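Remarks on the structure that follows.
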Amino acid sequence: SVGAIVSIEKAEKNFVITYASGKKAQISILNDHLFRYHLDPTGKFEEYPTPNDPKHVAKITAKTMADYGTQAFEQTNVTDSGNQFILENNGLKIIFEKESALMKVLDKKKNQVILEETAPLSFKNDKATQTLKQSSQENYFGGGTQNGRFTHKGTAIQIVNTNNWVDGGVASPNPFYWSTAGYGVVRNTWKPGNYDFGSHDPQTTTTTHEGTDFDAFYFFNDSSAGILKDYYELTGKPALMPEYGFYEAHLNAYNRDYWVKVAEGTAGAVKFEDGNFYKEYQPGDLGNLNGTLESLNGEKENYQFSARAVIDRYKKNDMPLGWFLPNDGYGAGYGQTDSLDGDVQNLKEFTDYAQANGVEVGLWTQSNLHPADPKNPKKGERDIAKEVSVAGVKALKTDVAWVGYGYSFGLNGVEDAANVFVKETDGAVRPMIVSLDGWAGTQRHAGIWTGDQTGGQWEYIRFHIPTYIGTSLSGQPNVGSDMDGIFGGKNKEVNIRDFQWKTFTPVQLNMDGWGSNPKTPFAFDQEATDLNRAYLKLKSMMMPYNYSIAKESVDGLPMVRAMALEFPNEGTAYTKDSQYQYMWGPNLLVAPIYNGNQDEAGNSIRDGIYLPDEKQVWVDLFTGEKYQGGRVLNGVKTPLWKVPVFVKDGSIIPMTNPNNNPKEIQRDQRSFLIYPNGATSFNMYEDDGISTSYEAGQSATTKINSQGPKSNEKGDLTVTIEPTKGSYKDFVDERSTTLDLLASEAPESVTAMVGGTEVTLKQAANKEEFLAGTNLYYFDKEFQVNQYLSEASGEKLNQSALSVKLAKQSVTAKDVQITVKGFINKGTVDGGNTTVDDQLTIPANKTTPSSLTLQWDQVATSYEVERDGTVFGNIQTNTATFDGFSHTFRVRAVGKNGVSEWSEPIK
Ligand SMILES: CC(=O)N[C@@H]1[C@@H](O)[C@@H](O)[C@@H](CO)O[C@H]1O
Ligand SMILES: [Ca+2]
Numbered sequence: 002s003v004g005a006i007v008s009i010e011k012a013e014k015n016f017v018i019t020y021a022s023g024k025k026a027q028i029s030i031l032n033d034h035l036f037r038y039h040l041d042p043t044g045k046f047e048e049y050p051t052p053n054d055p056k057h058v059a060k061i062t063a064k065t066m067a068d069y070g071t072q073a074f075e076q077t078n079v080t081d082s083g084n085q086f087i088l089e090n091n092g093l094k095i096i097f098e099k100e101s102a103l104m105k106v107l108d109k110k111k112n113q114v115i116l117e118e119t120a121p122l123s124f125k126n127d128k129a130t131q132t133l134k135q136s137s138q139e140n141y142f143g144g145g146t147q148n149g150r151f152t153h154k155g156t157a158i159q160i161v162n163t164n165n166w167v168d169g170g171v172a173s174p175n176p177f178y179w180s181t182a183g184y185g186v187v188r189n190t191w192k193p194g195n196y197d198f199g200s201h202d203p204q205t206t207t208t209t210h211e212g213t214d215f216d217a218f219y220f221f222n223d224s225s226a227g228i229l230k231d232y233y234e235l236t237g238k239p240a241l242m243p244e245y246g247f248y249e250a251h252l253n254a255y256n257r258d259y260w261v262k263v264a265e266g267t268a269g270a271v272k273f274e275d276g277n278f279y280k281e282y283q284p285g286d287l288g289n290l291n292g293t294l295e296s297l298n299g300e301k302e303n304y305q306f307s308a309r310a311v312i313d314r315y316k317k318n319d320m321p322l323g324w325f326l327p328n329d330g331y332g333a334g335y336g337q338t339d340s341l342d343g344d345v346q347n348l349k350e351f352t353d354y355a356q357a358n359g360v361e362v363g364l365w366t367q368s369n370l371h372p373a374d375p376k377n378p379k380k381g382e383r384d385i386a387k388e389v390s391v392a393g394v395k396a397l398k399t400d401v402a403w404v405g406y407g408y409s410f411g412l413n414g415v416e417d418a419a420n421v422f423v424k425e426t427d428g429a430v431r432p433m434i435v436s437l438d439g440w441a442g443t444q445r446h447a448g449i450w451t452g453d454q455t456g457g458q459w460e461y462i463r464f465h466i467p468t469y470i471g472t473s474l475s476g477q478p479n480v481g482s483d484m485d486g487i488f489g490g491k492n493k494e495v496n497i498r499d500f501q502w503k504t505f506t507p508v509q510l511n512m513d514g515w516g517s518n519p520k521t522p523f524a525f526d527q528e529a530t531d532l533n534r535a536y537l538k539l540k541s542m543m544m545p546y547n548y549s550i551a552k553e554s555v556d557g558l559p560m561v562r563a564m565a566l567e568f569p570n571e572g573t574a575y576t577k578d579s580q581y582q583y584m585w586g587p588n589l590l591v592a593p594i595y596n597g598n599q600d601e602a603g604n605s606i607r608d609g610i611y612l613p614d615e616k617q618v619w620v621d622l623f624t625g626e627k628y629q630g631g632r633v634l635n636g637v638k639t640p641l642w643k644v645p646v647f648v649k650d651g652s653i654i655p656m657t658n659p660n661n662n663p664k665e666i667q668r669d670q671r672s673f674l675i676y677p678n679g680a681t682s683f684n685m686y687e688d689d690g691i692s693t694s695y696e697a698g699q700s701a702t703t704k705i706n707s708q709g710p711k712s713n714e715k716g717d718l719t720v721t722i723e724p725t726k727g728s729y730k731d732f733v734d735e736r737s738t739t740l741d742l743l744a745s746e747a748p749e750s751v752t753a754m755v756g757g758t759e760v761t762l763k764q765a766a767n768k769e770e771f772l773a774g775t776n777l778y779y780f781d782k783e784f785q786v787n788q789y790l791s792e793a794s795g796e797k798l799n800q801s802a803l804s805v806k807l808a809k810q811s812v813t814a815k816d817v818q819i820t821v822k823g824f825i826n827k828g829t830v831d832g833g834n835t836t837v838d839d840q841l842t843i844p845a846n847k848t849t850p851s852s853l854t855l856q857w858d859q860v861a862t863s864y865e866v867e868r869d870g871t872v873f874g875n876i877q878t879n880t881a882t883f884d885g886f887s888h889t890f891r892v893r894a895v896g897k898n899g900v901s902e903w904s905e906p907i908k
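When we follow the working numbering, the leftmost residue of the sequence shown carries the number 2, and every step to the right adds one.
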């Protein structure tokens, strides 16, 4: 081993620790809350760990140690205090016991010990292991894409390039974890590892990587946003996707296969527009069969089998479509010429057709992106420089066949590809790369998709929700996956539920040609197709809210937010009670349907809807039905048309007109859906949607403020839109403004100031008059947040809103202030009254490996059971089952006038 510390000297640029064994480590102070520790037997102490291949030159760190400056180091002292050596500055006391050589860190502003070694660094069996104290309330996140998982206390996770895309695998590892205690750690290695968060000993956390040295960055911070910002300053801020990357893509090969005319009901038969059924054959599987060769452009008596025909199908079905990959398949290619240049020209023609239709082109790549000889290529080589500058390609997907060796391979490849898009375009195209097999740093270039799974199975949704949440907790906000899987299909219900929740996620890939049916939003019956569209249109309408939380994700909280990120004071937000839900940015709680459980009316039964905060009203997005938080709801009846989504009362949600791609967005309009509740605020981000210029200041922000009464209360409402700050290519200064304000009664008065001058508002007599004029207001009892969903579901889904339209104005030179007297948005709050009812009798009076069921005698319009101090409600009968254990059970009844006293604790 290492032995006692004999000494810690302040050398020129770092602190040099000398151990009894003669082994040395360097501590580098980078800022007042971040330090590198490196124990290097070699004594070389090189800046960068050795990659898997010398040609791998992409670095884990995006900022060199020298770019952090010497100041923190200058303001760090080393003292000998008898039993300890101590390094101290304004941020950190870093304390080493001399004999044991154990390190602990005190965070000075908190005046707490955040990190404590409980056993020394071990180098046994060509592995480098740290051992840390784990506290009873300490929770852990990170590791990258940890398939099926986000919260790691009491578990071990593999920091391994597993190439396992299902539950329990790691699609994209990251040697980065953090503690709720207030520390994050990056291990400065390309080597695989294993982190054990007290799987067996719950007072001990061990972190192991293969190899012979120990190199790590420790950062301390009092907020989850600050931990990620530290990881981001260190390894790279996430890339901001272009607008189009938030829209569903279509991925398939259209250059390779043959379609053969077959009987309806033949296995793999697809109906085409000519009324006939065809089966697809790879050229190797065709044998003696007669079929039609596909092409990208459908120029060879083959149009319905083309890539263009798919773009035409998305248009005909009125489905949003952002981007298209037409070479996604093994040996597919993107042309049928005798040359790379011939092929690039065929791709260019497909790109012009796609762009005419508002769709961008990407390429899949199973290989290196450059010819052997760039000036003299071969047919069937790749040339990303030409694909980009001749053919106009803007996006890339990295197949496992390219990046599958993991670790340094993927980051080098993605760093390379990203640099090519920006240089070849002079920054007119920002990177849009979807990858996997990532590492620390990947997020600065690429988002991830979760790989190959089977859809049309509820497990496809169940495992994916925590997958998304953990990837985002690991400093990768750009996360996505196949729409209903690359394999399987034939389950309408699962197909509908997949589109539903992926509305509130970054990247949606229609990964076509391997499944039990085509992979499109229109693969099922009219009902599925009409719900799919409703939910894709809702995403398109939410694009201003979506883009603003994406900008926030570049240097802050990710877009998919673990409940703990938005409610850090609630135990429930940190555990598996939060594994199947999340906040989509600040304002929406998404609790997807993930199983086939139904009542006798055919609705899905949704158990375990965690609504945080006992003081907070939650509003059903679609219906307006209000719910009180501090509770987990069981038995929430969800029909097929619906996915459980609740607005945080107080929310401001920037919206736009429904659209099928970014060029259909009306840039001379702006719209705000608002749920006034005290004083709330939003920062709307925007830029040119496509270039690197956002990195060089070419963006604008608009700050919106709602200053209204409390949930369900009457008062003055003042909505303010502050002057837009910043500019960018094709910025539109002149815009008309809509406010939709959820309200239960017609208001007393509505006035407006624009840049300090009144604007006379007339009251509309009807919806038609309101939607035709401006400088108007209107109390609308038939306000439909999503008309497509009203019409798909067969419900009106009418809410009451106060809607306010202002004429076009300069958003840069003039603010907006709307004032509403007699503003109220009131409905009955479910679980609104938790006050003891004296007149309600306290409730009177199947075990498996870990599923306890509890029963009692019938008082009460429902009951509530407290399960280890967590309140489960909406229990509509006299039994309830609690599972997912390795516990205590107080119940109470619920009448029309509050609850009963809690029964005594049962075990
Ligand atoms: C993990 C992975 O690479 N999956 C891909 C799948 O997404 C697709 O690109 C397919 C070719 O159509 O090849 C697979 O290798
Ligand atoms: Ca094909």
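A virtual CB, placed ideally from N, CA and C, is assigned to each residue, including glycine.
Hey, residue i and residue j: beta-carbon distance below 8 angstroms or not?
| i | j | result |
| --- | --- | --- |
| residue 515 | residue 487 | yes |
| residue 812 | residue 721 | no |
| residue 896 | residue 836 | no |
| residue 436 | residue 419 | no |
| residue 821 | residue 751 | yes |
| residue 640 | residue 501 | no |
| residue 291 | residue 261 | yes |
| residue 149 | residue 426 | no |
| residue 826 | residue 677 | yes |
| residue 159 | residue 167 | no |
| residue 705 | residue 653 | yes |
| residue 729 | residue 707 | no |
| residue 174 | residue 403 | no |
With residue i as the anchor, note down where its beta strand (DSSP E) starts and where it stops.
| i | result |
| --- | --- |
| residue 1 | There is no way to answer for residue 1, as the model of the chain reaches only from 2 to 908. |
| residue 773 | Element bounds for residue 773: not the beta strand (DSSP E) but the alpha helix (DSSP H), 768-773. |
| residue 567 | Here residue 567 belongs to no beta strand (DSSP E); instead the alpha helix (DSSP H) covers 564-567. |
| residue 8 | 6-11 |
| residue 628 | 627-629 |
| residue 415 | Residue 415 -> not in any beta strand (DSSP E); alpha helix (DSSP H) instead, spanning 409-426. |
| residue 508 | 508-512 |
Bridge partners for residue i per DSSP, in chain order?
| i | result |
| --- | --- |
| residue 272 | 278 |
| residue 114 | 107 |
| residue 736 | 810 |
| residue 496 | For residue 496, which the question treats as bridged, DSSP gives no partner whatsoever. |
| residue 742 | 675, 803 |
| residue 655 | 673 |
| residue 456 | 489 |
| residue 363 | 396 |
| residue 143 | 178 |
What residue does the alpha helix (DSSP H) around residue i start on, and which one ends it?
| i | result |
| --- | --- |
| residue 284 | Run containing residue 284: none; DSSP gives neither H nor E here. |
| residue 472 | 465-474 |
| residue 844 | It is not in any alpha helix (DSSP H) - residue 844 carries neither H nor E in the DSSP assignment. |
| residue 343 | 341-357 |
| residue 249 | First-last for residue 249: undefined, no H or E at that position. |
| residue 370 | It is not in any alpha helix (DSSP H) - residue 370 carries neither H nor E in the DSSP assignment. |
| residue 178 | Note, residue 178: premise wrong, no alpha helix (DSSP H); beta strand (DSSP E) at 171-180. |
| residue 32 | Looking at the DSSP string, residue 32 is not in any alpha helix (DSSP H); the run it does join, the beta strand (DSSP E), is 25-32. |
Hey, is residue i close to ligand 4, as in C-beta under 7 angstroms from one of its heavy atoms?
| i | result |
| --- | --- |
| residue 286 | Absence of ligand 4 is noted for the structure shown, with ligand 1 and ligand 2 being the only ligands found. |
Quiz item: For ligand 1, which residues have a Cβ under 5 angstroms from at least one heavy atom, in chain order?
Solution: 329, 330, 400, 401, 452, 453
Practice problem: Please specify which runs of the beta strand (DSSP E), each continuous and at least 3 residues long, are wholly inside the segment 869-893, giving them in chain order. | Solution: 872-876, 880-884
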